[PDB]
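Okay, structure first, notes after.
Quick reminder, even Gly has a Cβ in these numbers, built from the backbone with ideal geometry, and neighbours come from all protein chains shown. What follows is calculated from the coordinates using simple rules that are stated; it is not laboratory data.
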Amino acid sequence: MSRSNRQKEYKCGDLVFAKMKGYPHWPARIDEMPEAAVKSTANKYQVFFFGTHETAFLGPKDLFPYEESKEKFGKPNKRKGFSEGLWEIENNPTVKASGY
């Protein structure tokens, strides 16, 4: 009916700030590496970027929680893809689950 928040440890369905090489910490969701379309590898995690709306192979080193993010900054450069991006996650287009 709607994504479920984690307990004590982050897991699939967990939304955090994922940054990429040349790209500032963007709002990306956590995802596990599937093995259907292709054969994933080890020591790697699936990350889904909202702003860009694309997936990228990242890990925990490329993902930071709000607690930590807010600890230092938690607020990356405010770009065009940042506004619509952060809103792309907070205000997805294909909504359905109660949320604002």
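Being small (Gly, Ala, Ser), surrounded by fewer than 17 Cβ atoms within 10 Å (Cβ to Cβ) and more than 20 Å from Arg3 (Cα to Cα) is the filter here, so list the residues in the range 70-100 that pass it.
Matches in the range 70-100: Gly74, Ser83.
Taking the options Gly74, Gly22, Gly13, name whichever one is on the phi > 0 side of the Ramachandran plot and touching a helix residue (DSSP H, G or I) at 6+ places or on another chain (Cβ under 7 Å).
Checking each option against the conditions leaves just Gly74.
May I ask you to list the residues in the range 1-37 that are within 26 Å of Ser83 (Cα to Cα) and over 13 Å from the mean Cα position of the chain (by Cα)?
Answer for the range 1-37, where residues must be within 26 Å of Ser83 (Cα to Cα) and over 13 Å from the mean Cα position of the chain (by Cα): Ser2, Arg3, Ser4, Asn5, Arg6, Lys21, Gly22, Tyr23.
Quick one: count up the residues across the range 50-82 that are under 14 Å from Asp14 (Cα atoms) and over 14 Å from the mean Cα position of the chain (by Cα).
So the count comes out to 1.
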